[PDB]
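Structure at a glance
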Amino acid sequence: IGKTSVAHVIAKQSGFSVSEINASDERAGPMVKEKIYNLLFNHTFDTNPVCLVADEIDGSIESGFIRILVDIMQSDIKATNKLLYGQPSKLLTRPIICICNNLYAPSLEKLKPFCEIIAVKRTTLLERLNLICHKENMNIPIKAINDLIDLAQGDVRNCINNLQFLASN
Amino acid sequence: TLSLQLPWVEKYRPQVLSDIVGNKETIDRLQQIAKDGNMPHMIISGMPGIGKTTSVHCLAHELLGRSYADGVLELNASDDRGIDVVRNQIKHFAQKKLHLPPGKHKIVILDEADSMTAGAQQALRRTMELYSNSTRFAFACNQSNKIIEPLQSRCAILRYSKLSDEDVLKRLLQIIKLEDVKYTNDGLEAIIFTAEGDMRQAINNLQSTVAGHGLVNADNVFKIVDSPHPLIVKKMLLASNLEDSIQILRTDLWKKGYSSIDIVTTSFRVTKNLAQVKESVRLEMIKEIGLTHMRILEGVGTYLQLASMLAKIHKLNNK
Amino acid sequence: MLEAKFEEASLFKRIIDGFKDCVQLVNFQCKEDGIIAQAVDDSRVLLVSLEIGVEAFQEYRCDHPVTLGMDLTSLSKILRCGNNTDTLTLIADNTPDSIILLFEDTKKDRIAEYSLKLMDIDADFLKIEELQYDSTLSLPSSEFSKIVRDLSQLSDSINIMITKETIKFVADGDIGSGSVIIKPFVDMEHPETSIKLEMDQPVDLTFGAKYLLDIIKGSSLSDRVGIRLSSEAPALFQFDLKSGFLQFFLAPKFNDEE
Amino acid sequence: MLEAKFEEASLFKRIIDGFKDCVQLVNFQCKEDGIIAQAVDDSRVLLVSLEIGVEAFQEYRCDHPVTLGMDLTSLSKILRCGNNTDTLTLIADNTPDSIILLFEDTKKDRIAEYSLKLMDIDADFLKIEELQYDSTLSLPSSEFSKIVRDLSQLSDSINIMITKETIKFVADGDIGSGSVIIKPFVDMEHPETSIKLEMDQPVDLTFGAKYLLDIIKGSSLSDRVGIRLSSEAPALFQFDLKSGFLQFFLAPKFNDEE
Amino acid sequence: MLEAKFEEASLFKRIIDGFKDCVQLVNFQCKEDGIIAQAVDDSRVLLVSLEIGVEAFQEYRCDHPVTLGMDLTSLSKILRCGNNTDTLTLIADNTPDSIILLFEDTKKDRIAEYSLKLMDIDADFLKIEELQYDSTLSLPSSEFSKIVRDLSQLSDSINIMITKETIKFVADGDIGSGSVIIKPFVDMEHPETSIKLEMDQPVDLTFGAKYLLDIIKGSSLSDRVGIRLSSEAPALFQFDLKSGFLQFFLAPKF
Ligand SMILES: Nc1ncnc2c1ncn2[C@@H]1O[C@H](COP(=O)(O)OP(=O)(O)OP(O)(O)=S)[C@@H](O)[C@H]1O
Ligand SMILES: [Mg+2]
């Protein structure tokens, strides 16, 4: 339905540099830890602040990735309370977007209280393909794009390749 | 005898995209691509002997000119095409520096892409994605379903179809004119009938008939080549009376040396692909052909089993 | 351009032996003051960093730095032609697609020359070395190898603990537990066997035995090994060369982190 | 309690090398006159029996016998830390759940200590050795190893036949047949190479080559091997130690019996 | 009958090491002037040919030639009993079903005797050696082994090119390319290290690296190796023995 595409477009539209991590492939939370800490707390060489996008967070069979995010959140809550109430600690200055297929996955139970939950319901692919057609100067009828979406079963990569093949002809 | 001559399939193998009498749409598409350049990743699928390997070879040759030797990487199923090869050699070829015209690209031809392992196919994704501006991939396979969907998503899909009677007839007439062979209309008709949309098989049968008898006549073609095995099986299954089917099975198939396994398996194919009768009767005939099979595979393969299968099929057709 | 001639092909072969197995891709860069190289393993827990100064070569010429990346396996495959005593010259133009390795015997006789295909790697050299480490120690590298080889059998984790005048390596797993305790000492009968230790703060870190095993290879380059540990950063194991050094930075296990 | 210190860890390592592979569980028992150990393979055709007297140790103390069983594989896994020259001390209380192996270098320096988990095995030591055997012979163990290694290639069965002044080893299988014939002889130029034979009755027994191959390992413990054969019992192959011996009792094949 | 006694079992063991792996069946024939043996691999690109004259033996008797075929693997399996210093005697009757290998130590002591089952092979010895080859060269065999071992890593094909006073070995594959160039030279400080070359015509042939690797084994039999190349026939790599030689004929690529 475009969960990943919407996260990327809205983060870029808001002036953030997007860093994507697939949480299912990274079978080393404790190691990844260094990647996430560098991406949240170090200045990137880019002029634009980083937004972390974590895809497939429900696929992490090892709670390492989610434990690291929970530890970062708890550390930032402790650091904020010290700034509010502390008489005379890395604060989270970067947004985190997480994407799942299943909300009630057991691994996410600890993360949910820190999250703003947004449901994406079942058009967005058609709008994207039209924008590609217009930028490549291709006059494609909207009917043929729908027929290509139906052929590709909502695979965005397959849609773009079939469109590229139609353009070369 | 000291040496042989090149066969007509290899000698008259097309070297220009105009000589291909295949699917006109894809042929003109590839011709315009070679004329303009910017060849994208492609996967050509179809059936054996319709001009898939020759098409991509002609495209690569016309697109690369004299740089074909150092700009085209050919890998067939005869060579190792595992994860190690894709990791080392294909990546080294894609990363190789080469000064080409501003409209050409390095081509990696992979014949029989349906035989590559899953690991190699998975590794090829980023290999073709990171070097898509100086290296292009052309796959030639028979079953597009054997190639993973991520690989198909990054390339065009060209599905080649069977060659109609007119195209194969025109190509055979061109070959006869180029070879000065004595022929006749019924002989060419029998050749095309026994070819079944297979241009390579058609040219092979033509050359064999020429070298065996000299005159391309239907009698010679039928005495040297076998009437499409499936057609006699279809005529046997579509028989109305039991005695006619039994006589057909006895004379045409059993008295000519056709093994029972070939008869039953050809029988299954004919039925599955049948369209004259309804679905339920077709399923019942397939069931009978298959229960028998279960006996054919156990070593009980004789003429009595096929006769009983035909009798059961007729009893099913007997309302 | 790259033009570096090693007196003995053997030195380069041992250096590459150090990157061997534990990393796949290496990024070299030659420049006016020598050659450096960095390689990081896939899990990113180990960084192998090399520095060879101009004086380590018999001939070195550089009027224009060149950065080149390559597959380590391909390089070692070719790195057994040095006869060890052969002369080795690394050669490359300013915009290379390959790296040339030229081995020659003293006499004009036999010349083995290779042209290795390069890989494009985004230049991004890390500079993770610290000013001060919690503790610093050096000891014979063969001794360090034995210590690692002992404990490795017992567990996938080997702990290094440092307290005043005490260095203790420990492994504990299924079949039981083991420990090797060493104490600082100056041997005048030959100081290359001494064990030095400077502790600013007691340290206690755990490392994945598989990685320490990769690191011990440096013994072949130096008699001693320097180990610098900190609770704030990857540990540094260093093997000095004549004008240069081979360094291994290893991230401590968090609880499960190599 | 168990308290046995070997001068060189190497002796114990070679002894265990003898039990290695051919048996899985070993039952040790230390007592006032030394240490004994027995292990029987699963098919029960081979018994490995050890005896180490008090004098084989640099230090031995026993005021209360202790019996302990363990997995041979676990033990050997740990038995490569001896540096061979290291000192080895076996330690255990009177009701142990583990056996402690303590390797130490001369200086206080490095101390490798292991705590091996024990297995509970019903104490049932066998006493199958005979008063007299039909024939007795000794020869250099390296020679016996070669004889076994030769014939092994030809068959899974090697026959030993003894007649007056003649010892003959024979194997016969698919590719053909082979035989090694040796004769008794006294070499004064060095009697450790002599071949003695005392025959009270001609013997002719067949053994499974796989087992004889396990047995030849004892060469590493002694220069000579003693072989005692009988038609009434398992054959005895013995390797003497300084104060002790390692014995292998092997049941002859009935026609098919290892 | 066959009756050949080698002074040292080691010589025979090294000779067989040469046939080892690259061929499965070997056809031996003993006769009045010695023993010959030929073996061809399955693909028929390599022929291993041996000749041992009467003088290479400590004792040789032949009043009636005997031809015998056997499995190479079976033979090598048995060929590690020679102690190298043991004496080895090959024995067979005029119509053998087996070949007897008899190893004995100086003293009567230990006698290892084997009876190897023979295979029936249609006698058909090849005589493919040429009168003249395009080029001929010899060099230390250890050097040739290194050259082959270097290049092998790069490709499954190693090309040998010869021009006046120049011999060049080349391999080119996935990871890159390599070459070893050697020049003829006479070393008086010890001529067993010299590199001779006689070129009647420049040659340029390609061989499968897997085969050259099989061939280098001959280094263990001789200090030098002779290589004879032609564009008309299989190349000949030869390792001389005292009274004899081990030859490898290898068919070039296409
Ligand atoms: N359209 C065509 N025009 C002319 N000759 C053709 C045509 N298609 C096939 N041929 C002949 O058939 C030979 C072999 O064709 P191929 O392209 O190799 O068959 P294919 O379509 O690739 O099917 P495969 O290789 O079995 S998967 C060519 O060398 C030609 O002689
Ligand atoms: Mg094809």
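By the method listed in its record, cryo-EM, this PDB entry was determined to a resolution of 4.1 Å.

Attention shifts here to the overall build of chain C. Scanning chain C for helices and strands turns up four helices and 18 strands. On C-alpha atoms alone, chain C measures out to a radius of gyration of 19 Å, which is about the 18 Å that the 2.2 N^0.38 rule sets for 258 residues. Summarising its shape, the C-alpha atoms of chain C cover approximately 55 × 45 × 35 Å along the three principal directions. Expressed as a percentage of contacts within chain C between residues at least 6 apart in sequence, the contacts between residues at least 24 apart total 63%.

Here we take up the overall build of chain A. Summing up its helical and strand segments, chain A has six helices and three strands in all. In chain A, the order of α-helices and β-strands from amino to carboxyl end is α-β-α-β-α-β-α-α-α. Taking 2.2 N^0.38 as the reference for a compact globule, 169 residues should give roughly 15 Å; the C-alpha atoms of chain A span a radius of gyration of 20 Å, well beyond that estimate. Oriented by its inertia axes, the alpha-carbon framework of chain A measures out at about 70 × 35 × 25 Å.

The next thing to look at is the pattern of salt bridges. For the structure on display, the rule yields 20 salt bridges over all chains. Linking A:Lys35 and A:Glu26 is a salt bridge whose minimum nitrogen-to-oxygen distance equals 2.7 Å. We classify A:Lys35 as partly exposed; its relative accessible area is 39%. Taking relative accessible area as the criterion, A:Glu26 reaches 19% and is therefore assigned buried. A salt bridge links C:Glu129 to C:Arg228; its shortest N-O distance comes to 3.7 Å. Placement of the pair is C:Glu129 in the loop between β9 (111-117) and β10 (135-140) and C:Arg228 in strand β16 (residues 224-229), with a sequence separation of 99 residues. We classify C:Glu129 as partly exposed; its relative accessible area is 38%. C:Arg228 gets classed as partly exposed once you look at its relative accessible area, which sits at 22%.

We now examine the packing of helix α5 (residues 142-152) of chain A against helix α6 (residues 156-168) of chain A. Residues and elements named next belong to chain A. It is at 9 Å that the axes of α5 and α6 come closest, and there the two elements cross at 130°. The angle between the axes of α5 and α6 places the two elements in the oblique class. In the crossing of α5 with α6, the sense of the turn from one axis to the other is right-handed. Residue-level contacts link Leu148, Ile149 and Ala152 of α5 to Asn158, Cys159, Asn162, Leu163 and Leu166 of α6.

With that settled, consider the site of ligand 1. Residues and elements named next belong to chain B. In the vicinity of ligand 1 there are 20 residues, among which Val9, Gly49, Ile50, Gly51 and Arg200 approach most closely. Here an oxygen atom of ligand 1 and a backbone polar atom of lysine 52 are 2.9 Å apart. A distance of 3.3 Å is found between an oxygen atom of ligand 1 and a backbone nitrogen or oxygen belonging to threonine 54. Calculation on ligand 1 without its partners gives an accessible area of 640 Å², and the protein chains cover 94% of this total. Looking at the shell around ligand 1, the elements with two or more residues in it are α3 (53-64) and α10 (199-213). In terms of residue count, α10 provides more of the shell around ligand 1 than any other element does, three residues in total. Residue composition of the shell around ligand 1, grouped by class: nine nonpolar, six polar and five charged.

Right, let's talk about the nonpolar core for a bit. Of all hydrophobic cores here, the largest spans 236 residues; its most connected members are C:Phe19, C:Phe144, D:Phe19, D:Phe144, E:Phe19, E:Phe28 and E:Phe144. In contact with C:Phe144, other than residues within four places in its own chain, are C:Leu139, C:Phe169, C:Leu212, C:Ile215, C:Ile216, C:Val225, C:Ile227 and C:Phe237.

In this section: the interface of chain C and chain E. Between chain C and chain E, the contact holds 16 residues from the first and 16 residues from the second. The greatest single-element share of the side of chain C that touches chain E, amounting to seven residues, is contributed by β9(C). Counted by class, the side of chain C that touches chain E contains six nonpolar, three polar and seven charged residues. Pairing geometry for β9(C) and strand β13 (residues 176-182) of chain E, over six bridges, is antiparallel. Looking at the pairing, C:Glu113 lines up with E:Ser179 of β13(E).

The next point concerns the sheet that holds strand β9 (residues 111-117) of chain D. Residues and elements named next belong to chain D. Pairing is antiparallel in the open sheet, where five strands are placed in the order β5-β1-β7-β8-β9. Two strands close off the open sheet at either side, each with one partner strand: β5 (59-60) and β9. Alignment of strand β1 (residues 2-6) against β5, held across two bridges, turns out to be antiparallel. Residue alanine 4 lies in a different strand from β5, and its bridge partner there is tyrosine 60. Set on the sheet, helix α1 (residues 9-19) makes contact with β1, β7 (87-92) and β8 (98-104); between it and β7 the angle comes to about 65°.

Here we come to the sheet that holds strand β13 (residues 176-182) of chain D. Pairing in this open sheet of nine strands is antiparallel, and the strands run β15(D)-β11(D)-β12(D)-β13(D)-β9(E)-β8(E)-β7(E)-β1(E)-β5(E) from one edge to the other. Every other strand in the sheet has two partners, leaving β15 (203-208) of chain D together with β5 (59-60) of chain E as the edge strands with one partner each. Each of β11 (157-163), β12 (166-172) and β13 of chain D together with β9 (111-117) of chain E touches helix α3 (residues 141-152) of chain D; the most contacted strand, β13(D), lies at about 165° to it. Packing of helix α1 (residues 9-19) of chain E onto the sheet brings it into contact with β1 (2-6), β7 (87-92) and β8 (98-104) of chain E, and relative to β7(E) it is tilted by some 65°.

Taken as a whole and assessed by the stated rule, the structure comprises 30 aromatic pairs over all chains. Judged by centre distance (5.8 Å) and plane angle (20°), the rings of D:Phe144 and D:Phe237 are stacked. Within this pair, whereas D:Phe144 is found in helix α3, its partner D:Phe237 is found in strand β17 (residues 235-241), the two being separated by 93 residues in sequence. Taking relative accessible area as the criterion, D:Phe237 reaches 0% and is therefore assigned buried. Across the ring face of B:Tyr303, the terminal group of B:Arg250 is positioned such that the distance to the ring centre comes to 5.3 Å. Positioned above the aromatic ring of C:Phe185 is the side chain of D:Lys107, whose terminal nitrogen or guanidinium carbon lies 4.5 Å from the ring centre.

On to the environment of A:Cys159. Residues and elements named next belong to chain A. Mapped onto the elements, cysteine 159 comes out in helix α6. In this structure, the C-alpha to C-alpha distance between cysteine 159 and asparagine 139, residues 20 residues apart in sequence, is 16 Å. Non-local contacts of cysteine 159, meaning those with residues more than four positions away in its chain, are made with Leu125, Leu129, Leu148, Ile149 and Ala152.

With that settled, the discussion passes to the interface of chain B and chain A. Each side of the interface is counted separately: chain B has 11 residues, and chain A has nine residues. Of all elements in the fold, only α2 (24-36), α7 (149-153) and β5 (156-159) of chain B reach the threshold of two or more residues within the side of chain B that touches chain A. When residues in the side of chain B that touches chain A are grouped by element, the largest group, three residues, is from α7(B).

Pairwise contact counts over the seven pairs of chains in contact peak for chains C and E. One finds no contact between chain B and chain D; the C-alpha atoms of the two approach each other to within 35 Å at their closest. Between chain A and chain E there is no contact, and the shortest C-alpha to C-alpha separation is 30 Å.

Parameters at a glance
Residues numbered from 1 in each chain as written, not as in the entry; some residues may be left out. Chains lettered and ligands numbered in written order. Part of a larger assembly, values for the part shown. Heavy atoms only, no water. Residues with missing side-chain atoms left out of burial classes, pairs and counts. Helix = DSSP H or I, 4+ residues; strand = E, 2+ residues; numbered from the N terminus. Rg over C-alpha atoms; globule rule 2.2 N^0.38 Å. Contact = heavy atoms within 4.5 Å. Salt bridge = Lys/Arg side-chain N within 4 Å of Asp/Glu carboxyl O. Buried < 20%, exposed > 50% of the residue type's maximum accessible area, 1.4 Å probe, protein only. Axes fitted to C-alpha atoms, helices over the stretch in contact; angles between N-to-C directions. Parallel < 35°, antiparallel > 145°, perpendicular 65-115°, else oblique. Left-handed = near helix turned anticlockwise from the far one by under 90°. Near = heavy atom within 4 Å. Polar contact = N/O pair within 3.5 Å; in protein donor to acceptor, adjacent residues only side chain to side chain. Areas by Shrake-Rupley, 256 points an atom, 1.4 Å probe, with all protein chains shown as cover. Nonpolar A, V, L, I, M, F, W, Y, C, P; charged D, E, K, R; others polar. Core = buried A, V, L, I, M, F, W, Y, C linked by side-chain atoms within 4.5 Å. Pairing = 2+ DSSP bridges. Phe/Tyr/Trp six-rings, centres within 6.5 Å; stacked < 30°, edge-to-face > 60°. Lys NZ or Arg CZ within 6 Å of the ring centre and 35° of its normal.

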